[PDB]
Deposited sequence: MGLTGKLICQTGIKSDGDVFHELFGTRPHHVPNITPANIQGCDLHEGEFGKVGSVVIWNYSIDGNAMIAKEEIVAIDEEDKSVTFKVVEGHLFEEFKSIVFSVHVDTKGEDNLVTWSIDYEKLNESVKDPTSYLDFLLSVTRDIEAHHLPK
């Protein structure tokens, strides 16, 4: 009853490998490129670019500042994907679990796919569609930054 998945896909005209490695090896640069959405990214544990690292995101939706501590649970070079599991923060006021994944397909003529997998604390919790608007805004800012 409490489980859902939200996905958004959009094209980018910028380099897809650079987009993938931004999230997979340089996630601390993301605040600098989309500062209206993401104000901070601090290493909590481990090292940037390694599975099992833990980062703290300081970010904002609708003017409201929030915090998500996330474990990087997967970095797949072959699939150009990175998977972030929330382990603490504002989201845990609504969800038992919530995992964000970003995948880039460069095989066609580039697609960014964000997935949100989650389990609500109860049925009155809203599905987190606002986070797709947020991830699309982040993606548009990154594309614009990486374009000549």
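For this chain, the deposited residues without C-alpha positions form the stretches 1, 111, 151, given in sequence order.
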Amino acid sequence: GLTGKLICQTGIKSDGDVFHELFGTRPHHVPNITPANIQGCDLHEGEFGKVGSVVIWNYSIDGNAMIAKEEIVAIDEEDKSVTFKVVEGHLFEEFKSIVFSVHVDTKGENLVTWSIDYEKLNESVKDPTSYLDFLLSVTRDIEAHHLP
From here on, numbers count along this sequence of modelled residues.
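Here the stretch with the larger average CA B-factor, out of 92-100 and 39-47, is 39-47. Higher mean CA temperature factor, per the PDB entry, when comparing 77-85 with 28-36: 77-85. Ranking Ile67, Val112, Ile116, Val54 by Cα temperature factor from the entry places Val54 first. When all modelled residues of the chain are sorted by CA temperature factor, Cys8 is found within the lowest third.
In this PDB entry, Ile142 carries a Cα temperature factor that places it within the lowest third of its chain's modelled residues. Per the deposited record, the Cα B-factor of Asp17 falls in the highest third when ranked against the other modelled residues of its chain.
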